[PDB]
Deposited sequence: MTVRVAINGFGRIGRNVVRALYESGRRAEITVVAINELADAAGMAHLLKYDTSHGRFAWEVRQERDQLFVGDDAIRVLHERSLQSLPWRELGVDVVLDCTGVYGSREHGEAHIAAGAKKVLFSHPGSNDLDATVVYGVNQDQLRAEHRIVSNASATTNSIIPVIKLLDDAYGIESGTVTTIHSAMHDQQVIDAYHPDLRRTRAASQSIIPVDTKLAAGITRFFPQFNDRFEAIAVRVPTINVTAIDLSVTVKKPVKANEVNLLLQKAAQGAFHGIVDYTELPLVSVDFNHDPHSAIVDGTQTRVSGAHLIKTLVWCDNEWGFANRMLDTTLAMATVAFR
């Protein structure tokens, strides 16, 4: 198995661990250690119980410096600084850094200096990492020397594959995006709105989505913008993409294109549906994106609107494991 360590055991790190067992990736990957500055009993407790994701089905036990998931023993560490992480002794092939605080090149090099062979950050990080992977779009650009990698973000994983599809087919000239985030989620991007009363408002929030799009597709500088709101919902996100395109199109053609991708080159990554569903129906769906084809529109012939769903935690948590495996694989090429 690929031996992995997780640095950080908040929502992302705990979901990565849940996704490892639930998805059967446990046949390819073993979590050997988890590092977090908190009580191990508290870690076992939050691993087991979750608002969004239900009770975890595997037996969870904790004793001394071990967390047990089924018969698997995972070492629990509490190290404040990266320099003293015992990654040589654990034989770590990839460290999945889920802290959301570490994310530079220097941080990745600290993990490597501590003995991890490779680092994968659960967010965009600084702009001098080795590679950013959006699984399904560019994982085949990974090289063995890409030792510090970003996995992008949930919302960029969600919409980049759709931007890619429509650009290749139709030629995007410009685009604009709105994300409707669930209110529970901790920090997609970085405020006098945050300190407000409970009013159950729709709350404008700062988005890094356009920066991530234009980092991925620098031919889209000066051509892409994004806004975002938080609403008091139950864990699924909607992304509302509007793009102008060179090639003339009708909605029915756009849906066909997206439906073929879902059933073909993007199977497991982009899904497509025309069922009368609501956001909660995508709760715990491992896809990066589910295109809601009842909502596709073309204004005239050149302004495409498409609405895409994602479980902002579960999709990204499974991508972290897909990317991990693609790194461990290229390492052995």
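No alpha-carbon coordinates exist for the deposited sequence positions 1, 192 to 196, given here in order along the chain.
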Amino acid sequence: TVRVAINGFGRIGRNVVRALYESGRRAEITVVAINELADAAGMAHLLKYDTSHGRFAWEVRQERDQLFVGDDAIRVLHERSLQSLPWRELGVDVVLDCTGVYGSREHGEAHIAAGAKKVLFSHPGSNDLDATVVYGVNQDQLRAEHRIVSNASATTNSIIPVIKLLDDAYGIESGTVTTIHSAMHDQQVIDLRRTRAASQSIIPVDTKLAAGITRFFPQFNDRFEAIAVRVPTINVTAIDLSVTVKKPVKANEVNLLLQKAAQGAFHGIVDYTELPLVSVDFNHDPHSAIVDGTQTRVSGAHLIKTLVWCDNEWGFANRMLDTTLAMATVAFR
From here on, numbers count along this sequence of modelled residues.
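In this entry, 18 to 26 has the higher mean Cα B-factor, the comparison being between 313 to 321 and 18 to 26. Higher mean CA temperature factor, per the PDB entry, when comparing 195 to 203 with 126 to 134: 195 to 203.
Of the candidates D65, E36, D292, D285, the deposited coordinates give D65 the top C-alpha B factor. Taking the PDB entry at face value, the top CA B factor among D93, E225, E173, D97 belongs to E173.
In this PDB entry, the Cα temperature factor of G42 sits in the bottom third of its chain's modelled residues, the lowest group. Sort the modelled residues of the chain by CA B factor and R61 lands in the highest third.
In this PDB entry, the Cα temperature factor of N235 sits in the top third of its chain's modelled residues, the highest group. Residue-level temperature factors show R297 in the middle third of its chain, judged at the C-alpha atom. Per the deposited record, the Cα B-factor of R215 falls in the highest third when ranked against the other modelled residues of its chain.
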